[PDB]
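Everything on this sheet refers to the single structure shown next.
Backbone-built Cβ (ideal geometry, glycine too); neighbour counts: all protein chains shown. What follows is calculated from the coordinates using simple rules that are stated; it is not laboratory data.
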Amino acid sequence: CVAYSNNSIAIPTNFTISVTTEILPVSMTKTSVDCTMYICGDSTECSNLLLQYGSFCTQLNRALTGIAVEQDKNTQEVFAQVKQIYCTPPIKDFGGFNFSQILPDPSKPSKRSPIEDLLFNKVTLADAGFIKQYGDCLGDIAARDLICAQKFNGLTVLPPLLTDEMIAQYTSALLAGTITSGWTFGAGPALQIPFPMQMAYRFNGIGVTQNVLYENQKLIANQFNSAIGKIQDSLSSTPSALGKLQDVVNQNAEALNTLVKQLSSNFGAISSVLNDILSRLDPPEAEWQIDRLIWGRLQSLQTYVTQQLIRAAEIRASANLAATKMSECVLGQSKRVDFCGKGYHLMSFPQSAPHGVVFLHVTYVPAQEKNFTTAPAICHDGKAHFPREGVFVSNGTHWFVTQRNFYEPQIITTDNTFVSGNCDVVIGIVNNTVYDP
Amino acid sequence: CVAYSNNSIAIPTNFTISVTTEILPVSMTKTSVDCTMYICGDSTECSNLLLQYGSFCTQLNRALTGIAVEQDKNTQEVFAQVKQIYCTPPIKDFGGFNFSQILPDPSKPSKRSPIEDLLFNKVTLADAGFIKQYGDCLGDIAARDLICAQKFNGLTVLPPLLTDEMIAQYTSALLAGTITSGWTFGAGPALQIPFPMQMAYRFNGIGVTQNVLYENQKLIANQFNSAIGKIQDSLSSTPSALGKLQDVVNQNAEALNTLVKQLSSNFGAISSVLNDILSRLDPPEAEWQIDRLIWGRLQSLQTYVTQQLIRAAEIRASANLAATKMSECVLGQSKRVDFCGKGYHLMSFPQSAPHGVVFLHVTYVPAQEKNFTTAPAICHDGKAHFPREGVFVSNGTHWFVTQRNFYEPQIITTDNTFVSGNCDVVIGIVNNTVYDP
Amino acid sequence: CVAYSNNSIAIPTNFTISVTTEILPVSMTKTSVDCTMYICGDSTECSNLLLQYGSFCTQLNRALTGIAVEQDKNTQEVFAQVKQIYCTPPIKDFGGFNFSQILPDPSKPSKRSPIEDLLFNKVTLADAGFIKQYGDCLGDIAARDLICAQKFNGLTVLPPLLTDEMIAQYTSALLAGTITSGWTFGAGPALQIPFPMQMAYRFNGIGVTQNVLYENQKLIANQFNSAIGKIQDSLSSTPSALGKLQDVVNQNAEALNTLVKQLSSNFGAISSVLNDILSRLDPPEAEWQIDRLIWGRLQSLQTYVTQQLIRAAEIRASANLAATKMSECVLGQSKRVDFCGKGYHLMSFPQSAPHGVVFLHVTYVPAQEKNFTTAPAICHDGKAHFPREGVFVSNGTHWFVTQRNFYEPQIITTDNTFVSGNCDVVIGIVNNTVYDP
Ligand SMILES: *[C@@H]1O[C@H](CO)[C@@H](O)[C@H](O)[C@H]1NC(C)=O
Ligand SMILES: *[C@@H]1O[C@H](CO)[C@@H](O)[C@H](O)[C@H]1NC(C)=O
Ligand SMILES: *[C@@H]1O[C@H](CO)[C@@H](O)[C@H](O)[C@H]1NC(C)=O
Ligand SMILES: *[C@@H]1O[C@H](CO)[C@@H](O)[C@H](O)[C@H]1NC(C)=O
Ligand SMILES: *[C@@H]1O[C@H](CO)[C@@H](O)[C@H](O)[C@H]1NC(C)=O
Ligand SMILES: *[C@@H]1O[C@H](CO)[C@@H](O)[C@H](O)[C@H]1NC(C)=O
Ligand SMILES: *[C@@H]1O[C@H](CO)[C@@H](O)[C@H](O)[C@H]1NC(C)=O
Ligand SMILES: *[C@@H]1O[C@H](CO)[C@@H](O)[C@H](O)[C@H]1NC(C)=O
Ligand SMILES: *[C@@H]1O[C@H](CO)[C@@H](O)[C@H](O)[C@H]1NC(C)=O
């Protein structure tokens, strides 16, 4: 097992690039319900009475409308952060990085990346759900909105303001900018920079010198390409990968099913049918039975609305988090641990998903650690010398200085150290020569 | 359109300082409702019966009380982060920066900044709203609280614990500290520092050397002053700028209006008036009709309470975000992209607003980009040299090194580069002389 | 009072390490309620009727189940971030830091730290609460779940998936890793490093050179040890320190008490007892009275469920914040102001608490500030020199350069300054000699 030591340090001699996907729901289907059609359907005697209950219907209808509008804002706040659409890079001559699975391709009319085309297939809408049956009733015609609503007990699904194609186009712009302009494309003009240099400068942000990339550019490129390939298989095989997006769809479907099914409930009355009770009873007695169904059908709808408001808040938080991660992880480089995947964040790539966003985080994780003896300071000519950058390490009989995240032994010289103190205060100082550079 | 290139880099030759306002709601009006006065008003027969319904009234009353207390905490958590009130700086001899529109002035008794005096005028309370009518009924007297509540169907608005003047005083302290003590005033004692130096050190935090400020101090000062002037006009002209704060006020007003209006509803009864039904009917029949209004007037109030709880959660999240932004953007310098406005964050200034906070974010955005040929490394004497800071750029026949966010060509010397490798591994290395400093 | 000055700077000559605790609720008791036992208990006539009300019971039961599952996820997302359990460090020979109050000890079978053993005692469950009475009814037996539920009006508390011991074991692993492997244990392999070096490198992250730790290691160690001792007394004495955790427990207890007490309510009927009304009335009249209690007992339970959903969202946000702070504050070093305690964040230590987490944040706050005259640049041989790091300060007749967060006057030399401009542009430049290093 791991054991502490007062004079031993472990420094990584190698590295492995990894890509970790994170899926967050961003929006919900713009479902809506009419309160004067769910309770009373075609009946004129049930409406007159429902007016005496005041604003109850108007309150629930307005609440659902707010949720629908919130879904449009949620999507805009995430994907619309950049609207200076960057043109796709036609030069397929990067330094080995094969974005072919990340960027779109022309071999299909959907203009979606191979990963996006898989995500859009893993999430599906069942034929038993009213969300699909309502669409078949319209047939893209808008005039039959009220006709289909009357058939589906007043259920109405509004069309999203931004189509799936618009979201894909916005995501492509973010990708092209990051690949061609780095993190600065989101903080100003399209300051183009070569991608190998961009990675070299991102390495310096995680304490790794630019040298490591250039001397390992082919190896680093191969690692990135393999990681992007493996994630596609992982999502394809694992059926419960996009559960976060499927769960929100399933939850909304169950809510509508329970709401519509409750119309078949008597709530303590002679029947669930308003024409049957109104024909069996006389007027001075039917209104007692037609008041029990109205009150049961109002609490049912109120339960649906209140549950949707709670669910909408969860999606709103996820959408805000997604927008924050797009800015920090995609448009920049987040130093915050675990915010842009495991390991040190280098860069991330966004991918569109149905009612959600998938972030591909590229991170640097050290590997192949090796033990080395270390000392806090070096003593020379009575002066105590400290490392300006990196750590002092001992290769048996010799002492060297090296980067903390990559083993690179260098001779201890005045150019990489600084001096302070009379060598009598630093506990554990070791005597070693410092050469003049 | 923008095009990628493997050997071209764009570096900005100039900069434009910009100020972007962000408005967040922090609190809500401390509205409260009594459940034994909304349903039954002055009637003793309606109360006896309302007791049989158990704790329903106590649950709703306690819920509203919690919301009111939460509003006080929300404001305290945002503005009370610093309470060592810093004295206003009477020396109007900064390095050109004209905070006169940001700081208070003595020409008015409100002691609010010119921007604050505009924000407090763009948000207004209508005379038709009960929030104002309740205040006119009290006339600052506290003894008539119960008398005015009985008139307004039990509606009662509690006074905020912190007055608008207290919030302004707290904001002034934060401003004076930031202007006179920088980001350290919030992490320890009032370590005073000259403002030009403070900006010079904030520039170094965004990759821009201190030199750029000193050689452009007058230009930078003029840019800041113009930006602070333009924002005042923007808020004055644009009527939908403070909508986030007006929307929460409007939403609460509509909720009370719908609640009070529902008292005029029969909920399926002989009349909405309890004395009328109780006088027309005998006792063994009036209780059937006085049970239908109690149940309608309880779900109405329950709908108001539940909707307020959902709205209070949204304000709580905004208040927490505002407190986080005050610490990160005002008391410090946030590296997180888009968290403290567009562009690289330099500093921000807080301004008080009715039930909200307005953050003025000052950011650095590069401008006037110019294309330059770049190489990843320099080859000299067979050794490959890499840039210690900045990027190598070619001015036609000559190669230079320059900062990434400001064009400053310097001769390539050992003092600004480091060496590694035998010049046979770096792809794209170029041969150029490195001079001895 | 503090006063601004254009040529004076304050630099701290000393420092005081401080430890500030932050308590956040992470989970809630897995309470659950059966909807066909709260309303109708043992009665077969009340169930037949309750079926006509449709899915109402199934909706409320499913909602409570989701909350219970959410509590398990909340705890896992916070504590399970690391599962490579690090072995306790048996070498009690650190550089003076006495973690004995932070780490567990073997003198007790609970295997909890002295601070953890106090936190687990300050929060208690009253004997009048059903949460305890339900446990006494089971006696650790699982077969009597349904029997005890029938006695407690259908109330059922589920056992947590992770026991208190498992949470303590996970917290110990995080502590051992941080003490023996620093922030890298959470971003890769267990890269061991000596603790004094780890603190020396964390100091460099707050602008303080490693020198300050080594020359003050004994003083810094003593300060840390004293701070850890004082916090234990603070929590022991202050009774309202863990209120955030006690409040959530109290709120849930009151909710169940109000729910169960409402069974004693007539809701406008002949009695709250179903056998009494069903025996006094004939069948064609008892169903009118047995429909009024069902509807009152359904809105009561619905009010409990909706309030719990609102409360569960608050805990979910706190749990997410706790997980974020564990990653940023414990597994790393957060530059974000006020996110990991007052002052500059050095490191933090986690401690388990009942249904919550306590973070011990160790921060650096400067002290003993001293005024010094400063200049933005130095003029020599007509060239304007700027400080590469730190600030220029004047000790009366002599000019020196020093770190911004620690007074360390050094001679101005080319090794600690850089040159730019012709000395005619920098406003406030002072003439002083720069020596050749
Ligand atoms: C580092 O790891 C990679 C894994 O792809 C391996 O190919 C390589 O040989 C290892 N060593 C070095 C020095 O790169
Ligand atoms: C990128 O990967 C795909 C995988 O199918 C491959 O077809 C393509 O040739 C690769 N690109 C290059 C330049 O080899
Ligand atoms: C490093 O240690 C090995 C093992 O003792 C030795 O063979 C080698 O020469 C050492 N390195 C140098 C530069 O002497
Ligand atoms: C940079 O932009 C400012 C805009 O105010 C302009 O005055 C100035 O001439 C431009 N060029 C330089 C070198 O500052
Ligand atoms: C600051 O701006 C205001 C704008 O009205 C102006 O009156 C004032 O003179 C300015 N300050 C200075 C020092 O010029
Ligand atoms: C930079 O390029 C221009 C255009 O060729 C040239 O006139 C100028 O002399 C170059 N700079 C230097 C320092 O030679
Ligand atoms: C700094 O503060 C500590 C407080 O513990 C004190 O012991 C010490 O004498 C002070 N001065 C120095 C130079 O450390
Ligand atoms: C650590 O503190 C405890 C406090 O009771 C003390 O008993 C123990 O001796 C201390 N450790 C050392 C090494 O002195
Ligand atoms: C610093 O100032 C004091 C007071 O004038 C003086 O005694 C001392 O000699 C100065 N330091 C140096 C290095 O001259």
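The table below gives the values:
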{"read-out": "Breaking point among (1) more than 14 Å from chain A (Cβ to nearest Cβ); (2) among the aliphatic types (A, V, I, L, M); (3) surrounded by 18 or more Cβ atoms within 10 Å (Cβ to Cβ), for B:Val426", "value": "(1)"}
{"read-out": "Some residue of the stretch C:379-386 being away from chain B (no Cβ under 12 Å) and small (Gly, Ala, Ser)", "value": "yes"}
{"read-out": "Selection count, the stretch A:395-416, where residues are in contact (Cβ under 8 Å) with a residue 24 or more places away in the chain and within 26 Å of C:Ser181 (Cβ to Cβ)", "value": "10"}
{"read-out": "Count of the stretch A:329-363 residues which are assigned to a loop (DSSP other than H, G, I, E, B), more than 9 Å from chain C (Cβ to nearest Cβ) and under 29 Å from C:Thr209 (Cα atoms)", "value": "3"}
{"read-out": "Meets criteria (in a helix (DSSP H, G or I) and under 30 Å from A:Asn405 (Cα atoms)) for A:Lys261", "value": "no"}
{"read-out": "Filtered residue count, the stretch B:59-78, keeping only those that are touching a residue at least 24 places away in the same chain (Cβ under 8 Å), more than 10 Å from chain C (Cβ to nearest Cβ) and not acidic (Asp, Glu)", "value": "10"}
{"read-out": "Top-ranked residue in the stretch C:114-133 [being in contact (Cβ under 8 Å) with a residue 24 or more places away in the chain and in a loop (DSSP other than H, G, I, E, B); ranked as surrounded by the fewest Cβ atoms within 10 Å (Cβ to Cβ)]", "value": "C:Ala126"}
{"read-out": "Residues of the stretch B:177-195 satisfying the condition of being over 12 Å from C:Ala10 (Cβ atoms) and facing another protein chain (nearest Cβ under 7 Å)", "value": "B:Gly186, B:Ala187"}
{"read-out": "Members of the stretch C:312-328 that are within 9 Å of another protein chain (Cβ to nearest Cβ) and β-branched (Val, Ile, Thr)", "value": "C:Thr324"}
{"read-out": "Residue count for the stretch A:168-187, restricted to those that are of a type in the set (A, V, I, L, M) and under 21 Å from B:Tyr364 (Cα atoms)", "value": "1"}
{"read-out": "Count - residues of the stretch B:204-215 that are at the interface with another protein chain (Cβ under 9 Å from one of its Cβ atoms) and without any contact (Cβ under 8 Å) to a residue 12 or more places away in the chain", "value": "2"}
{"read-out": "Of all residues in the stretch C:79-113 being assigned to a helix (DSSP H, G or I) and away from every other protein chain (no Cβ under 12 Å), the one that is farthest from ligand 5 (Cβ to nearest atom)", "value": "C:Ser100"}
{"read-out": "Residue that is farther than 12 Å from B:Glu22 by Cβ and of a type in the set (S, T, N, Q), where the choices are B:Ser348, B:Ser318, B:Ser327", "value": "B:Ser327"}
{"read-out": "Strands (runs of 3 or more DSSP E) (entirely within the stretch C:364-437) containing at least 2 residues that are out of contact with any strand residue (DSSP E or B) (no Cβ under 7 Å at 6 or more places or on another chain) and of a type outside the set (A, V, I, L, M, F, W, C)", "value": "none"}
{"read-out": "Residue within the stretch B:256-276 that is closer than 23 Å to B:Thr156 by Cα, within 11 Å of chain A (Cβ to nearest Cβ) and crowded, with 21+ Cβ neighbours inside 10 Å present", "value": "yes"}
{"read-out": "Leading residue by the ranking (surrounded by the fewest Cβ atoms within 10 Å (Cβ to Cβ)) among those in the stretch A:8-30 that are away from every other protein chain (no Cβ under 14 Å) and of a type outside the set (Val, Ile, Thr)", "value": "A:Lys30"}
{"read-out": "Residue that is surrounded by the fewest Cβ atoms within 10 Å (Cβ to Cβ) [pool: residues in the stretch B:205-223 that are aliphatic (A, V, I, L, M) and within 29 Å of the chain's Cα centre (by Cα)]", "value": "B:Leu219"}
{"read-out": "Total residues in the stretch A:20-50, condition out of contact with any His (no Cβ under 7 Å at 6 or more places or on another chain), assigned to a strand (DSSP E or B) and either closer than 30 Å to A:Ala241 by Cβ or within 16 Å of ligand 6 (Cβ to nearest atom) (or both)", "value": "4"}
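Quick grid of which residues meet (1) closer than 30 Å to B:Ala312 by Cα; (2) touching a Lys or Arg at 6+ places or on another chain (Cβ under 7 Å):
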{"position": "B:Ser5", "(1), (2)": "no, no"}
{"position": "B:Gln52", "(1), (2)": "no, no"}
{"position": "B:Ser55", "(1), (2)": "yes, yes"}
{"position": "B:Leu60", "(1), (2)": "yes, no"}
{"position": "B:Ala80", "(1), (2)": "yes, no"}
{"position": "B:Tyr86", "(1), (2)": "no, no"}
{"position": "B:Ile91", "(1), (2)": "no, no"}
